[PDB]
Amino acid sequence: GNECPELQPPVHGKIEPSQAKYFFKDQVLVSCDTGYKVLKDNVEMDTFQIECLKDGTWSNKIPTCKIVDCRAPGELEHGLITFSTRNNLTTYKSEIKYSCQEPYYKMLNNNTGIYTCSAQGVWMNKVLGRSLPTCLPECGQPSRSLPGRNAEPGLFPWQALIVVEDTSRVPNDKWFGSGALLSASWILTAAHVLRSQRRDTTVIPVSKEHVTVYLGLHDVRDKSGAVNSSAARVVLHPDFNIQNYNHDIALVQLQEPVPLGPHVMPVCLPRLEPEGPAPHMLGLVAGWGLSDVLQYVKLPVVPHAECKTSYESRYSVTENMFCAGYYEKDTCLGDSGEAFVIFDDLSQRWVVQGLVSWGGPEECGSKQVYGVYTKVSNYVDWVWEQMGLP
């Protein structure tokens, strides 16, 4: 059998069987090491067979080994990709790191975010495998620090302005509200802001079409740097009573979710405890209610009993409510559901404790006329349940 010549194995692979000499009708398999596939005619293969023809020629020349390429790694949501090297290799053994966008989002499980391009051409994380990490919004950490004073940009990032334009009435019936960001797609407020006004006692949510919400707004005159979204849905608390304002709490779902920024972040919800914030504890309240800039004030929570009994000489302050205010200037920025936020101890984040529900018709500062607040800790389960959280 006339003999075929010797074979050099391709860079990064082997031939088999490898023998000293090869003769007529001999078969060999060229294959590649782990990170590689045999390349020939633009097809990739695991093995390629070569045969020794009568005339001492081989059927093909020995082909080449291509390194495995995992291509562009999948993009991460609210996250970004850093390549382990400025070359941004995407081929075998190459390494990438996923990080969430900070400080607006934080990564779950503190998973490493380390993906390496595997032999099978798939970006692999030791734990998550092929599956990406998860970026969740960070709440209650304002990008500005605390310096009825005016409000600076980025101070109350969760602060939302609700604008309702009821166009089903002639002329258009228009009013304003205050909202607190819970996540990129949800605003918390008082049910009473979203109640459609009428002569009977039946409770009707305003129409979703008539609602628009602004975020990152400080000067109503400067809508620049401002985010605006219409309403996917309007949800009043199902037990809200327009008569005594019981269960005065509601959400607006945002049709087009907002970009978290230095002037737009959500506030954190309170744990589900039953007690009203301890008396004398100090909270913040920010609103416009009128004014063009946003303003805020520090207010102390007021012993429940005392508030309740003051509102006994005309309605009722229930255990789903707490009061804030002093017993006697203008520290009443809110008619309309503005949040009562308190900086939490442990967590070190701002927590919405209250939604402004009502107050006496009396003059702002009037003797023992305390602002009454929906106790948000009593509705969080309900709030998460609406948001699908739950």
# chains A, B, ... in the order shown; residues from 1 in each chain; ligands from 1
>>> select_by_dssp(residues="stretch 306-348 of chain A", states="helix (DSSP H, G or I)", output="JSON, numbers by chain")
{"A": [306, 307, 308, 309, 310]}
>>> residues_around(residues="residue A:115", least_positions_apart="3", cutoff="12 Å", atoms="only C-alpha atoms", output="PyMOL selection string")
chain A and resi 70+73-74+81-84+90+92-99+111-112+118+121-133
>>> residues_around(residues="stretch 242-255 of chain A", least_positions_apart="4", cutoff="8 Å", atoms="only C-alpha atoms", output="PDB file with N, CA and C atoms, in the first residue's frame")
ATOM      1  N   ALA A 184     -39.985  52.465  40.617  1.00  0.00           N
ATOM      2  CA  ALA A 184     -40.013  53.269  39.400  1.00  0.00           C
ATOM      3  C   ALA A 184     -41.419  53.410  38.780  1.00  0.00           C
ATOM      4  N   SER A 185     -42.324  52.500  39.116  1.00  0.00           N
ATOM      5  CA  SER A 185     -43.625  52.563  38.468  1.00  0.00           C
ATOM      6  C   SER A 185     -44.822  52.884  39.399  1.00  0.00           C
ATOM      7  N   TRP A 186     -44.547  53.195  40.674  1.00  0.00           N
ATOM      8  CA  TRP A 186     -45.608  53.399  41.671  1.00  0.00           C
ATOM      9  C   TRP A 186     -45.477  54.641  42.579  1.00  0.00           C
ATOM     10  N   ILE A 187     -46.585  55.347  42.740  1.00  0.00           N
ATOM     11  CA  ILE A 187     -46.632  56.505  43.617  1.00  0.00           C
ATOM     12  C   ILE A 187     -47.656  56.274  44.727  1.00  0.00           C
ATOM     13  N   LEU A 188     -47.291  56.599  45.963  1.00  0.00           N
ATOM     14  CA  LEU A 188     -48.190  56.484  47.114  1.00  0.00           C
ATOM     15  C   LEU A 188     -48.761  57.855  47.483  1.00  0.00           C
ATOM     16  N   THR A 189     -50.029  57.886  47.893  1.00  0.00           N
ATOM     17  CA  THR A 189     -50.696  59.145  48.208  1.00  0.00           C
ATOM     18  C   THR A 189     -51.923  58.891  49.089  1.00  0.00           C
ATOM     19  N   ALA A 190     -52.753  59.909  49.276  1.00  0.00           N
ATOM     20  CA  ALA A 190     -53.999  59.737  50.032  1.00  0.00           C
ATOM     21  C   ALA A 190     -55.146  59.443  49.079  1.00  0.00           C
ATOM     22  N   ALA A 191     -56.031  58.523  49.455  1.00  0.00           N
ATOM     23  CA  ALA A 191     -57.186  58.201  48.626  1.00  0.00           C
ATOM     24  C   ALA A 191     -57.976  59.461  48.312  1.00  0.00           C
ATOM     25  N   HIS A 192     -58.018  60.391  49.255  1.00  0.00           N
ATOM     26  CA  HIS A 192     -58.885  61.552  49.104  1.00  0.00           C
ATOM     27  C   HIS A 192     -58.481  62.500  47.965  1.00  0.00           C
ATOM     28  N   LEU A 194     -57.478  61.414  45.060  1.00  0.00           N
ATOM     29  CA  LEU A 194     -57.871  60.729  43.831  1.00  0.00           C
ATOM     30  C   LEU A 194     -59.383  60.443  43.756  1.00  0.00           C
ATOM     31  N   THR A 201     -72.453  60.144  48.377  1.00  0.00           N
ATOM     32  CA  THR A 201     -71.385  59.583  49.196  1.00  0.00           C
ATOM     33  C   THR A 201     -70.646  58.440  48.517  1.00  0.00           C
ATOM     34  N   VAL A 203     -68.072  56.408  46.489  1.00  0.00           N
ATOM     35  CA  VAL A 203     -66.671  56.660  46.229  1.00  0.00           C
ATOM     36  C   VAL A 203     -66.257  56.247  44.819  1.00  0.00           C
ATOM     37  N   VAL A 213     -48.179  62.502  36.522  1.00  0.00           N
ATOM     38  CA  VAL A 213     -47.314  62.592  37.702  1.00  0.00           C
ATOM     39  C   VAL A 213     -45.947  63.118  37.279  1.00  0.00           C
ATOM     40  N   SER A 229     -45.115  61.255  33.717  1.00  0.00           N
ATOM     41  CA  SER A 229     -45.699  59.992  33.298  1.00  0.00           C
ATOM     42  C   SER A 229     -47.193  60.011  33.509  1.00  0.00           C
ATOM     43  N   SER A 230     -47.928  59.466  32.546  1.00  0.00           N
ATOM     44  CA  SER A 230     -49.362  59.271  32.690  1.00  0.00           C
ATOM     45  C   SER A 230     -49.621  58.028  33.541  1.00  0.00           C
ATOM     46  N   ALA A 231     -50.884  57.723  33.793  1.00  0.00           N
ATOM     47  CA  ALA A 231     -51.196  56.722  34.794  1.00  0.00           C
ATOM     48  C   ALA A 231     -51.720  55.404  34.223  1.00  0.00           C
ATOM     49  N   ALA A 232     -51.015  54.313  34.491  1.00  0.00           N
ATOM     50  CA  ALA A 232     -51.496  53.018  34.032  1.00  0.00           C
ATOM     51  C   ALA A 232     -52.740  52.647  34.800  1.00  0.00           C
ATOM     52  N   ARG A 233     -52.785  53.035  36.068  1.00  0.00           N
ATOM     53  CA  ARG A 233     -53.868  52.624  36.941  1.00  0.00           C
ATOM     54  C   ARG A 233     -53.983  53.497  38.182  1.00  0.00           C
ATOM     55  N   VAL A 234     -55.202  53.636  38.685  1.00  0.00           N
ATOM     56  CA  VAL A 234     -55.445  54.422  39.882  1.00  0.00           C
ATOM     57  C   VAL A 234     -56.164  53.523  40.865  1.00  0.00           C
ATOM     58  N   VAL A 235     -55.578  53.340  42.050  1.00  0.00           N
ATOM     59  CA  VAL A 235     -56.128  52.433  43.062  1.00  0.00           C
ATOM     60  C   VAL A 235     -56.355  53.100  44.411  1.00  0.00           C
ATOM     61  N   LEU A 236     -57.618  53.352  44.751  1.00  0.00           N
ATOM     62  CA  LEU A 236     -57.962  53.826  46.090  1.00  0.00           C
ATOM     63  C   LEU A 236     -58.050  52.623  46.996  1.00  0.00           C
ATOM     64  N   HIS A 237     -57.792  52.813  48.278  1.00  0.00           N
ATOM     65  CA  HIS A 237     -58.046  51.735  49.209  1.00  0.00           C
ATOM     66  C   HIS A 237     -59.547  51.365  49.204  1.00  0.00           C
ATOM     67  N   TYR A 315     -63.638  65.216  62.745  1.00  0.00           N
ATOM     68  CA  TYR A 315     -64.233  63.946  63.158  1.00  0.00           C
ATOM     69  C   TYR A 315     -63.258  63.045  63.945  1.00  0.00           C
ATOM     70  N   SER A 316     -63.311  61.737  63.719  1.00  0.00           N
ATOM     71  CA  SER A 316     -62.601  60.815  64.607  1.00  0.00           C
ATOM     72  C   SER A 316     -61.185  60.379  64.154  1.00  0.00           C
ATOM     73  N   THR A 318     -58.667  57.691  64.338  1.00  0.00           N
ATOM     74  CA  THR A 318     -58.595  56.262  64.641  1.00  0.00           C
ATOM     75  C   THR A 318     -57.165  55.719  64.837  1.00  0.00           C
ATOM     76  N   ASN A 320     -55.740  53.851  62.870  1.00  0.00           N
ATOM     77  CA  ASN A 320     -55.105  53.853  61.565  1.00  0.00           C
ATOM     78  C   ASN A 320     -54.553  55.227  61.233  1.00  0.00           C
ATOM     79  N   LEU A 355     -49.165  59.601  55.508  1.00  0.00           N
ATOM     80  CA  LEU A 355     -49.733  60.337  54.398  1.00  0.00           C
ATOM     81  C   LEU A 355     -50.730  61.319  55.014  1.00  0.00           C
ATOM     82  N   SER A 357     -53.716  63.273  55.797  1.00  0.00           N
ATOM     83  CA  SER A 357     -55.100  62.999  55.442  1.00  0.00           C
ATOM     84  C   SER A 357     -56.003  64.220  55.640  1.00  0.00           C
ATOM     85  N   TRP A 358     -55.984  64.780  56.837  1.00  0.00           N
ATOM     86  CA  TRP A 358     -56.803  65.933  57.141  1.00  0.00           C
ATOM     87  C   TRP A 358     -56.249  66.812  58.243  1.00  0.00           C
ATOM     88  N   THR A 374     -52.561  59.326  57.709  1.00  0.00           N
ATOM     89  CA  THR A 374     -52.769  57.921  57.520  1.00  0.00           C
ATOM     90  C   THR A 374     -51.508  57.194  58.037  1.00  0.00           C
ATOM     91  N   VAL A 383     -50.353  47.624  50.292  1.00  0.00           N
ATOM     92  CA  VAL A 383     -49.540  48.286  49.266  1.00  0.00           C
ATOM     93  C   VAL A 383     -48.726  47.301  48.401  1.00  0.00           C
TER      94      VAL A 383
END
>>> closest_residue(among="A:148, A:325, A:390, A:177", to="residue A:359", atoms="only C-alpha atoms")
A:325
>>> residues_around(residues="residue A:285", least_positions_apart="3", cutoff="9 Å", atoms="only C-alpha atoms", output="PyMOL selection string")
chain A and resi 295-299+332-334+338-341+356
>>> atom_distance(atom1="atom CA of residue A:17", atom2="atom CA of residue A:47")
12.5 Å
